[PDB]
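One structure is given below, encoded as structure tokens.
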Amino acid sequence: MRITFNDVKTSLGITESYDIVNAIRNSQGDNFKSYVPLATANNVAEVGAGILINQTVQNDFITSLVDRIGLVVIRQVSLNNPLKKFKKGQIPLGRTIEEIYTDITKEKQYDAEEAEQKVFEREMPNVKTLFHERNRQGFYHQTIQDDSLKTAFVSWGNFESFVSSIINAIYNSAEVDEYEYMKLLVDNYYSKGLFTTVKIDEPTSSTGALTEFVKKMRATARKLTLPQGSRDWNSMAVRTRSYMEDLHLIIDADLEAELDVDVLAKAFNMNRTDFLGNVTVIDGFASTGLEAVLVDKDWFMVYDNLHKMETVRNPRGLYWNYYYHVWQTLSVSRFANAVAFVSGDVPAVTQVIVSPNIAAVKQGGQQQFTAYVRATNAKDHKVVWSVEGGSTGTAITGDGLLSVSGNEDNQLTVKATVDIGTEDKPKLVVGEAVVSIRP
Amino acid sequence: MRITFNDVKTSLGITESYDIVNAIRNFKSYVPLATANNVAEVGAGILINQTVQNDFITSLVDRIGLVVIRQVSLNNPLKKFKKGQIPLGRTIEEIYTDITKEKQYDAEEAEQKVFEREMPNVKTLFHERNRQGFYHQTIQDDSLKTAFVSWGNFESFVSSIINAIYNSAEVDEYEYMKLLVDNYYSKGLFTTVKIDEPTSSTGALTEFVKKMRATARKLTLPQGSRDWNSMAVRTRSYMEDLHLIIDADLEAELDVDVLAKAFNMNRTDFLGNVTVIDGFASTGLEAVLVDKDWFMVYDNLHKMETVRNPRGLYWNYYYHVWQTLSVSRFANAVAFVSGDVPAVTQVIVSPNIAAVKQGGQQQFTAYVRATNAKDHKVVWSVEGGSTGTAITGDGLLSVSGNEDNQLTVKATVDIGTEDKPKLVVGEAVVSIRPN
């Protein structure tokens, strides 16, 4: 075991542009005339960028002696996840999380004559539930041959520094992967089309477009925080409210650079033009038309289940193995407000939602379904209704009222369809709910 | 085979939770020492880091499982054949003085000789069979984290990790016993009795029951039989010490009653004396009746050893059980076969191995284990090879002088015909000492 290299030049990963060493020596009033008086310029130009591998150099006075290393420096770096503030506590027990939300009811009219026989009747509350599952299990592996690593150092201080460098690199890898996994949530959430999209033209195109985007964001942020709530900003179409201090706007660096260079510097009373909520900056989104995402604090459903470290020793090879196990759940809540602020060409209708997604109806029972259409334009749309139960005698009317025949037992799917395409080229956006028959 | 937390609770002198592990291992100031309702504290302390978790789980599984399994494997139904650790210096040999008559009082006859010895102890060697194996099982970190929610989950986890190994070992013990019985029958030291397919008809069943009763009454004769047993050494057995190993089909066909009435016991004390196995896989063997001291087992060791895989985040624990099985050559053992067994099974020489001088004589007698009342003649051969060293037809062997080799007396019985590819013989070693 003796690794040795020979016949290597100090220009390995070098792609020269104009050969400054030659450019200096032939100048007549050029910009390089300042380096003409320099005597030992060639050596600096040769080894001024460092070298990748070093060879044994004999001393210039006594050739028997060999020049030695005079300084050893070990570089360290620490990396962090800027989205780590969006995390929550640990859940050591269980692999799933259940989320329950209850909605508002409908007002009735006072009637003493009819209150004398319907006293014991019942009204069922509107309650919805969602589930989140554990979806990340990984580990990081590193080996350390401390016994054979002693030949590379002459001082005991650098040995533990070098091993701690690897130990810290493990955690740096974990942090980087955690950041990427958290960004993947926003990316795939936009990919699935569950965001509420606001159409802007282009941020980095003109000052007018930039200030129009600012106005649109301000109006949207104001609309989110109304005391009576709204159903236009969450994928579950429930009446919810958000607070100004809990609103986070995620943007990229180019956007803030354009903002503060163009419209913030030249603005008297700049507090009337800047963003409202808490502003976070990242290195851009993977999606095409995404510019800035406005979300609620509760929108994130990230949890960590396992973070452990294990060590193994090999008595034969004299080395240590380190394993770092990380288990996590990555999820997003659909009960929180979320705005996409997209700039490219978007469809007229993004999605349609049926308010009751889970139904439990008896054989002769009835159910009511309401449809909410997320449209990107001021124009309206019409919704058609259909049932794929499979049996005869059951059907739903145009207003979403269901009638079920007794002599049937199967899964029923209620589909609401909206047509957004032109004639001869149909384009449909559909939403479905599952109904279970009870005997 | 169905052991639960009650079994470990009775095996140990404790109830419910225990802190002996953290008392005996720092590790003390890592988990709470209370036996109160608190379980989140103990769970967090156990799972606080991998070193402590591994130490606790290893100590627990090793010590507690060893103690519990060793306590519970000695209470199985076949415990009367089970002994403790093997005694030192066993010499793997059995010695048994043959019971003889008493000499009549005679002063004139006695005054001639007073230092005369009486008889050799006609001892033999053990028939042994060693066993060593392991089972091994795995436990995960998930179903250790999800075991401290309530105090019942922990005991359920303990029972789950014990029961599989315990029942596997209990099942394997019966198989090892069956293989030992099969090997003994293959050797052929059982004394044979002919029956005819007890399950073929109801008459065959009652014939088998009557034959079993007659054999038991002959075996339990107070005066001694010498007819049974591997070698004719005149041993007697008692009624309550007879143990029966019978096939599953035959046991199912037979009723619990009348079979017990064939002996002097009544059902309740007969279920503990009858053992049922599924198949013998040996020609036509049906049921074997052996003495209580015929079969013995000594447990060399039991051990639990654990190792953790951190790449896969789990543990493996191995249970190694080593023990030896022995069968006595002086105990009664009747085979009760049904088939085409030869008329003569084996000829046995009573003197067995003997020592003689260069000019002595020795008397050899033989016992033939014949399956029929028809008498068979025995011919004596000297083998050996010398001049003047010969054995007559009555079994008297005379050793000639100037002899240096070791001879082997043989007794042969012919049960063939004009073409006789069969020969039953019995060998006897005679060692000569110089005069």
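Residues in the structure tokens are numbered from 1 in each chain, the chains being A, B, ... in the order shown, and ligands are numbered from 1 in the order shown.
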
List the spatial neighbours of residue 125 in chain A as an NGL selection string - criterion: any atom at most 12 Å away, only C-alpha atoms, same-chain residues fewer than 5 positions off excluded. :A and (101-106 or 356)

I need the residues from that last selection saved to file as a short mmCIF file (atom, residue, chain, number, x, y, z; two decimals), in the first residue's frame (with N, CA, C and O atoms), if you can.
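For reference, again00.cif as written:
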data_model
loop_
_atom_site.label_atom_id
_atom_site.label_comp_id
_atom_site.auth_asym_id
_atom_site.auth_seq_id
_atom_site.Cartn_x
_atom_site.Cartn_y
_atom_site.Cartn_z
N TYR A 101 -62.12 19.59 11.41
CA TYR A 101 -62.61 20.96 11.30
C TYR A 101 -64.13 20.94 11.21
O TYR A 101 -64.70 20.16 10.45
N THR A 102 -64.78 21.82 11.97
CA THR A 102 -66.24 21.93 11.97
C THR A 102 -66.65 23.27 11.37
O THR A 102 -66.00 24.30 11.61
N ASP A 103 -67.73 23.26 10.59
CA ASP A 103 -68.18 24.42 9.84
C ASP A 103 -69.42 25.04 10.50
O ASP A 103 -69.86 24.62 11.57
N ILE A 104 -69.96 26.06 9.84
CA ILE A 104 -71.12 26.81 10.33
C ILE A 104 -72.40 26.11 9.90
O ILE A 104 -72.39 25.22 9.05
N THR A 105 -73.52 26.53 10.48
CA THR A 105 -74.83 25.94 10.22
C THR A 105 -75.75 26.99 9.58
O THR A 105 -75.32 28.09 9.24
N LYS A 106 -77.02 26.63 9.43
CA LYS A 106 -78.01 27.47 8.76
C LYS A 106 -79.08 27.90 9.75
O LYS A 106 -79.51 27.11 10.60
N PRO A 356 -69.34 18.35 0.72
CA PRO A 356 -69.24 17.04 1.38
C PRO A 356 -68.51 16.04 0.50
O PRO A 356 -69.03 15.60 -0.52
#

Per-residue nearest contacts of chain A to chain B (7 Å; only C-alpha atoms) as a tab-separated table:
residue	atom	partner	partner_atom	distance
A:93	CA	B:146	CA	6.7
A:310	CA	B:310	CA	6.0
A:323	CA	B:311	CA	6.9

Restricting it to N, CA, C and O atoms, dump the selection as a short mmCIF file (atom, residue, chain, number, x, y, z; two decimals), in the first residue's frame.
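Below is the file that was written, part_15.cif:
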data_model
loop_
_atom_site.label_atom_id
_atom_site.label_comp_id
_atom_site.auth_asym_id
_atom_site.auth_seq_id
_atom_site.Cartn_x
_atom_site.Cartn_y
_atom_site.Cartn_z
N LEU A 93 -44.95 8.53 18.93
CA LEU A 93 -45.94 7.46 18.86
C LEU A 93 -46.88 7.69 17.69
O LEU A 93 -47.48 8.76 17.57
N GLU A 310 -26.00 6.00 15.47
CA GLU A 310 -25.49 4.70 15.87
C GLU A 310 -24.06 4.54 15.39
O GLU A 310 -23.68 5.06 14.33
N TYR A 323 -23.89 5.81 11.52
CA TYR A 323 -25.17 5.88 10.84
C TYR A 323 -26.04 6.92 11.53
O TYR A 323 -26.15 6.93 12.76
#

Please provide as a PyMOL selection string all residues within 12 Å of range 379-390 of chain B, with the sequence filter that same-chain residues fewer than 2 positions apart are discarded (counting only C-alpha atoms). chain B and resi 347+349+358-366+368+376-377+392-414+423-432

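If only C-alpha atoms are the atoms counted, then among B:120, B:133, B:351, B:203 the closest residue to residue 231 in chain B is B:351.
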
Choose the residue, out of A:201, A:146, A:114, A:291, that has the smallest atom-to-atom separation from residue 187 in chain A; count only C-alpha atoms.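 Counting only C-alpha atoms, the residue closest to residue 187 in chain A is A:291.
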
Using only C-alpha atoms, which residues sit within 7 Å of residue 308 in chain A once same-chain residues fewer than 2 positions away are excluded, as a JSON list (two decimals) with C-alpha atoms, in the first residue's frame?
[["chain", "number", "residue", "atom", "x", "y", "z"],
["A", 306, "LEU", "CA", -36.83, 9.93, 14.57],
["A", 310, "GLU", "CA", -25.49, 4.70, 15.87],
["A", 324, "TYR", "CA", -27.56, 8.81, 11.25],
["A", 325, "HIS", "CA", -31.24, 7.85, 10.98],
["A", 326, "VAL", "CA", -33.86, 10.52, 10.24]]

CA of residue 30 in chain A and CA of residue 43 in chain A are how many Å apart? 21.6 Å

Using only C-alpha atoms, which of the listed residues (A:255, A:318, A:69, A:354) sits closest to residue 147 in chain A? A:318

Enumerate the residues of range 160-197 of chain B with a DSSP assignment of alpha helix (DSSP H), computed from the backbone, and present them as a ChimeraX atom specification. /B:160-187

Got time to write the residues from that selection, N, CA and C atoms, as a compact mmCIF listing (two decimals), in the first residue's frame?
# COMPACT_ATOMS: atom_id res chain seq x y z
N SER B 160 -44.61 -11.94 24.26
CA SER B 160 -44.43 -12.18 22.83
C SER B 160 -43.01 -12.64 22.52
N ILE B 161 -42.02 -12.03 23.17
CA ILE B 161 -40.64 -12.43 22.88
C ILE B 161 -40.26 -13.75 23.54
N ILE B 162 -41.00 -14.20 24.56
CA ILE B 162 -40.65 -15.46 25.20
C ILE B 162 -41.37 -16.65 24.57
N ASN B 163 -42.66 -16.48 24.23
CA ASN B 163 -43.52 -17.62 23.92
C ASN B 163 -43.06 -18.37 22.68
N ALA B 164 -42.64 -17.64 21.64
CA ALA B 164 -42.25 -18.30 20.39
C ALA B 164 -41.09 -19.26 20.62
N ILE B 165 -40.03 -18.77 21.27
CA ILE B 165 -38.87 -19.61 21.54
C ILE B 165 -39.26 -20.78 22.43
N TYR B 166 -40.06 -20.51 23.47
CA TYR B 166 -40.41 -21.58 24.41
C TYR B 166 -41.18 -22.70 23.71
N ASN B 167 -42.18 -22.34 22.91
CA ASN B 167 -42.98 -23.37 22.26
C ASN B 167 -42.20 -24.09 21.17
N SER B 168 -41.29 -23.40 20.48
CA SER B 168 -40.45 -24.08 19.51
C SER B 168 -39.58 -25.14 20.19
N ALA B 169 -38.97 -24.78 21.32
CA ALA B 169 -38.16 -25.76 22.05
C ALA B 169 -39.00 -26.92 22.55
N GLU B 170 -40.20 -26.63 23.08
CA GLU B 170 -41.07 -27.68 23.58
C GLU B 170 -41.47 -28.65 22.47
N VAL B 171 -41.76 -28.12 21.27
CA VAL B 171 -42.08 -28.98 20.14
C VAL B 171 -40.88 -29.83 19.76
N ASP B 172 -39.69 -29.23 19.72
CA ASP B 172 -38.51 -29.95 19.25
C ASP B 172 -38.09 -31.07 20.20
N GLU B 173 -38.40 -30.92 21.50
CA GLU B 173 -38.05 -31.98 22.45
C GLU B 173 -38.74 -33.30 22.11
N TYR B 174 -40.03 -33.24 21.75
CA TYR B 174 -40.76 -34.46 21.38
C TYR B 174 -40.13 -35.13 20.16
N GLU B 175 -39.74 -34.33 19.17
CA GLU B 175 -39.11 -34.89 17.98
C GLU B 175 -37.79 -35.57 18.33
N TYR B 176 -36.99 -34.95 19.20
CA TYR B 176 -35.73 -35.58 19.59
C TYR B 176 -35.97 -36.89 20.33
N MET B 177 -37.00 -36.93 21.18
CA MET B 177 -37.35 -38.19 21.83
C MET B 177 -37.74 -39.26 20.81
N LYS B 178 -38.54 -38.88 19.81
CA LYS B 178 -38.95 -39.85 18.79
C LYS B 178 -37.75 -40.38 18.01
N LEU B 179 -36.82 -39.49 17.65
CA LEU B 179 -35.62 -39.94 16.95
C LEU B 179 -34.78 -40.88 17.82
N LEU B 180 -34.68 -40.59 19.12
CA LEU B 180 -33.94 -41.49 20.00
C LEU B 180 -34.58 -42.87 20.05
N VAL B 181 -35.91 -42.92 20.16
CA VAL B 181 -36.61 -44.20 20.19
C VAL B 181 -36.41 -44.95 18.87
N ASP B 182 -36.49 -44.23 17.75
CA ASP B 182 -36.29 -44.85 16.45
C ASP B 182 -34.89 -45.42 16.31
N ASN B 183 -33.88 -44.68 16.78
CA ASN B 183 -32.51 -45.18 16.70
C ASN B 183 -32.31 -46.41 17.58
N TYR B 184 -32.92 -46.42 18.77
CA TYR B 184 -32.82 -47.61 19.61
C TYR B 184 -33.47 -48.82 18.94
N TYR B 185 -34.63 -48.62 18.32
CA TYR B 185 -35.27 -49.73 17.61
C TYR B 185 -34.42 -50.19 16.43
N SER B 186 -33.80 -49.24 15.72
CA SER B 186 -32.93 -49.60 14.61
C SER B 186 -31.75 -50.43 15.08
N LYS B 187 -31.19 -50.09 16.25
CA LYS B 187 -30.18 -50.94 16.85
C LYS B 187 -30.74 -52.32 17.18
